[PDB]
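In the authors' numbering, the protein residues as written are 3 to 333.
Data block below; observations after.
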Ligand SMILES: CC(C)(C)OC(=O)N(CCOCCO)c1ccn2ncc(-c3ccc(C(=O)O)c(O)c3)c2n1
């Protein structure tokens, strides 16, 4: 069978916590009063929830209400417990309340309101500095959650709220997040296709915080190269092919060998033989102003097959890409 794996960092953070911290199945949900909120306008629907701007009638405060679509008690408890454990951490969305929505008979999560600009409009306006700055802000949230024993498992533009005017960022949507326990075999059916790590695509279950760093690298590539998505697969199998056309097949097969991974037989014909491509292949007149040696070196060190080889959040924050931003924030 496959060779086991452990996180390089924060390996045993949960092992030393009280059981209650990570044992979300045991959590008893603390309900507030649904009548404290009035819905104002619908912001969007997902597979898992519908989101509204709302108002707390008592405090006259703007809030956001996420009405949960029906999922197992355990899934709701996991998201609640994680949000509560992380509350107040850097750039983590603040869970203000949990209420019972009367019509749905489902829970509703009540969050702080972020004055977000839709990424589809914002990302084109972002300068070189802006990308560095917001990447650093995401890394603060990821280092925090990782240090707290939690994997996000769904890092993507949709889940990063940016109030541009205030240079304010929040990481949202902890509905897929999980506690890291060394040796645990996780569900590979997580995250969004274009951002899935190689570990997920080859069905390597003993993954860790490093998954988030692959997803982040996918985001960085899409931003600096003006290419959304960066890895555009048609399906889950083709997704690995798209990655292999860039990172090359030699390193892919090296990863599979190192972990003794059993490759799905579907994969063989389509995978072929591909060189590792130079990042400069993706540079053009429209994106060159965003691309530096620094940016490419950093990206190279996130987008690695071998989860153990990728930069940590904490390592990434020390990269030369960020020297200007670190200086400007100690102003
Ligand atoms: C869609 C569009 C980009 C037009 O709208 C927006 O910009 N949207 C909704 C995001 O849609 C998501 C559903 O599809 C705004 C707007 C303001 N705020 N303030 C806080 C949030 C917020 C906070 C927490 C969660 C959570 O999931 O835990 C959450 O989903 C959202 C927010 N979301």
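Positions of the beta carbon are idealized from the N, C-alpha and C atoms, including for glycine.
Excluding its 5 nearest sequence neighbours in each direction, residue 19 has C-beta neighbours in its own chain below 8 Å: 151, listed in chain order.
Here DSSP, grouped into helix, strand and coil, assigns residue 232 to coil. For residue 59, the three-state secondary structure derived from DSSP is coil.
Looking only at 228, 82 and 139, the smallest Cα-Cα distance to residue 319 is reached by 139. Listed in chain order, the alpha helix (DSSP H) runs fully inside the region 192–272 are 200–203, 212–227, 238–249 and 251–261, counting runs of at least 4 residues. From the listed residues 207, 269 and 256, the smallest Cα separation to residue 240 is found for 269.
The three-state secondary structure of residue 328, taken from DSSP, is helix. Each of 146, 91, 213 and 218 was checked against the Cα of residue 160, and the nearest Cα belongs to 218. When DSSP reads this structure, residue 109 sits in a beta bridge with 102.
Per the DSSP secondary-structure output, residue 51 pairs in a beta bridge with 70.
Assigned with DSSP and collapsed to three states, residue 123 falls in helix. If one requires a minimum length of 3 residues, the beta strand (DSSP E) runs lying completely within the region 137–168 are 162–165, in chain order.
Assigned with DSSP and collapsed to three states, residue 133 falls in helix.
For residue 39 and residue 173, the gap between their C-alpha atoms comes out near 23 Å.
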